[PDB]
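Here is how the chains run, residue by residue.
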Amino acid sequence: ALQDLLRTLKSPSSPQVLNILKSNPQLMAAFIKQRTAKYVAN
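A brief report on the enclosed structure follows.

## Here we look at the overall build of the protein chain
Okay, step 1: What the protein chain contains, in helices and strands, is 3 helices and 0 strands.
Okay, step 2: Helices and strands appear in the protein chain in the N-to-C order α-α-α.
Okay, step 3: Expressed along its principal axes, the backbone C-alpha trace of the protein chain runs to roughly 25 × 20 × 15 Å.
Okay, step 4: In the protein chain, which comprises 42 residues, the proportion classed as buried is 17%.
Okay, step 5: In the form shown here, the protein chain has an accessible surface area of approximately 3500 Å², with 47% of it arising from carbon and sulfur atoms.

Written out as structure tokens, the structure reads:
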């Protein structure tokens, strides 16, 4: 989840990975949930 996010997200925004995460369905749901333990995705 930690590494895969970098390779998958790569540059899904380029703001001056969290970009998709802020959504919560795809990335935040699947990867953050299996790499930080205390993952928070309310």
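## Details of the environment of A29
Okay, step 1: Topologically, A29 is positioned in helix α3 (residues 27-30).
Okay, step 2: Judged by relative accessible area, which is 34%, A29 ranks as partly exposed.
Okay, step 3: Taking the C-alpha atoms as reference points, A29 and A41, 12 residues apart in sequence, are found 7.2 Å from one another.

## Some words on the nonpolar core
Okay, step 1: Formed by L5, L9, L21, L27, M28, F31 and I32, the largest nonpolar core amounts to 7 residues.
Okay, step 2: Elements that contribute at least two residues to this core include exactly α1 (2-9) and α3.
Okay, step 3: Not counting residues up to four positions away in its chain, the partners in contact with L5 are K10, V17, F31 and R35.

## A look at unusual backbone geometry
Okay, step 1: For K10, which is not a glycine, the phi torsion comes out positive at approximately 50°.
Okay, step 2: Following the sequence through the fold, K10 ends up in the loop between α1 and α2 (18-21).
Okay, step 3: Unusually for a residue other than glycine, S14 sits at a positive phi of about 75°.
Okay, step 4: Mapped onto the secondary structure, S14 falls in the loop between α1 and α2.

Reading the values: the criteria
- Residues numbered from 1 in each chain as written, not as in the entry; some residues may be left out.
- Heavy atoms only, no water.
- Helix = DSSP H or I, 4+ residues; strand = E, 2+ residues; numbered from the N terminus.
- Buried < 20%, exposed > 50% of the residue type's maximum accessible area, 1.4 Å probe, protein only.
- Areas by Shrake-Rupley, 256 points an atom, 1.4 Å probe, with all protein chains shown as cover.
- Core = buried A, V, L, I, M, F, W, Y, C linked by side-chain atoms within 4.5 Å.
- Contact = heavy atoms within 4.5 Å.

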